[PDB]
Amino acid sequence: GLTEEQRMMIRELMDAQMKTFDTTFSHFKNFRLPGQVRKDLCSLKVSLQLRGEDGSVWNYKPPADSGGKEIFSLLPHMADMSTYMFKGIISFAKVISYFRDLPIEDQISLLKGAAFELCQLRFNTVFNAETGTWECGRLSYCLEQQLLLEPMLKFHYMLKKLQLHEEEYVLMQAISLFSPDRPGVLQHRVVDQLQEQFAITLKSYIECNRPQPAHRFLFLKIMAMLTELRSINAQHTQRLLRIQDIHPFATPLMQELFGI
Ligand SMILES: CC(C)[C@@H](NC(=O)CC(C)(C)O)C(=O)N1CC[C@](O)(c2ccc(Cl)cc2)C(C)(C)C1
């Protein structure tokens, strides 16, 4: 069985999840809309849909470029989504006692490392693998011959396949958040025992709640998924810095987290 402090751990995570993750995106408003290395971007093409309160529907089909400049038509908006996401992610971290109790300099450092990952983890819960779309309340972002060649895309598909519970998602969010090996983490021992206790909790939760043979090695699959995601996080920083080189798009908060 799952021990007392393990039940205690999950419950504080599930709580911070519900307090800070607006699953319907009700409060995403005031966002901008569309008025050489770029295989980076073209693999990530999406169409956008806004359902009005009243029943109206607005749709955006992006331009298939051969030229150069129209690939950016959607970055202002994406930069607005990301800011709104990162704010929820920060609120999530600060509502966790394990996190509050680290030194401030460590708070900042853990966040700057995992913000993207926690965010991609949340988007996975609103992803629909049948239709290749992220359903964000009134927004939908729909992927423009099955190409899991883009690591980020293969990540969402593979992870959705595992059909995790909300508790498994929030714990994954914890392991990723409390990673001992992120630039400028002073308290590497604490953050390391903390991560291990989250991992152990995940391991037990699975042993206890998923007894069926399809859920063999799930804990290990999840753990590999998280390793994959760290790799994708680093590749994405490099892509993003390249976009900044040629055009500033990053909101203040994105500059704060990506280190500029
Ligand atoms: C997973 C990927 C297809 C995409 N997601 C979406 O388009 C849908 C949604 C916004 C819901 O995540 C996404 O967030 N990535 C990472 C973030 C991204 O690299 C990016 C985001 C904001 C800026 Cl300013 C630049 C780049 C991207 C180009 C929008 C692609």
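Positions of Cβ are generated from backbone atoms using ideal geometry, with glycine treated the same way; all protein chains shown enter the neighbour counts. Just so you know, all these numbers are worked out from the coordinates, no wet-lab data involved.
Annotations for the structure displayed:
- Checked against the criterion of being within 30 Å of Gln145 (Cβ to Cβ), away from the ligand (no atom under 12 Å from the Cβ) and either more than 20 Å from the chain's Cα centre (by Cα) or among the hydroxyl-bearing types (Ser, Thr, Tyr) (or both), the candidates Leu2, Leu33 yield just one match: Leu33.
- Condition broken by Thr131, with the remaining ones in (1) away from the ligand (no atom under 16 Å from the Cβ); (2) of a type in the set (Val, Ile, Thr); (3) surrounded by fewer than 16 Cβ atoms within 10 Å (Cβ to Cβ) satisfied: (1)
- Filter pass, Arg32 being touching a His at 6+ places or on another chain (Cβ under 6 Å) and surrounded by 11 or more Cβ atoms within 10 Å (Cβ to Cβ): yes
- Wholly enclosed helices (runs of 4 or more DSSP H) of segment 140-252 bearing at least 1 residues basic (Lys, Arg) and under 30 Å from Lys69 (Cβ atoms): 151-161, 218-246
- Under the condition of being over 29 Å from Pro62 (Cα atoms) and touching a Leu at 6+ places or on another chain (Cβ under 8 Å), the residues counted in segment 73-94 number 3.
- Qualifying residue in segment 100-120 (condition: within 11 Å of the ligand (Cβ to nearest atom) and exposed (fewer than 14 other Cβ atoms within 10 Å of the Cβ)): no
- Test for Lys160: is it surrounded by fewer than 17 Cβ atoms within 10 Å (Cβ to Cβ), basic (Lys, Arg) and away from the ligand (no atom under 12 Å from the Cβ): yes
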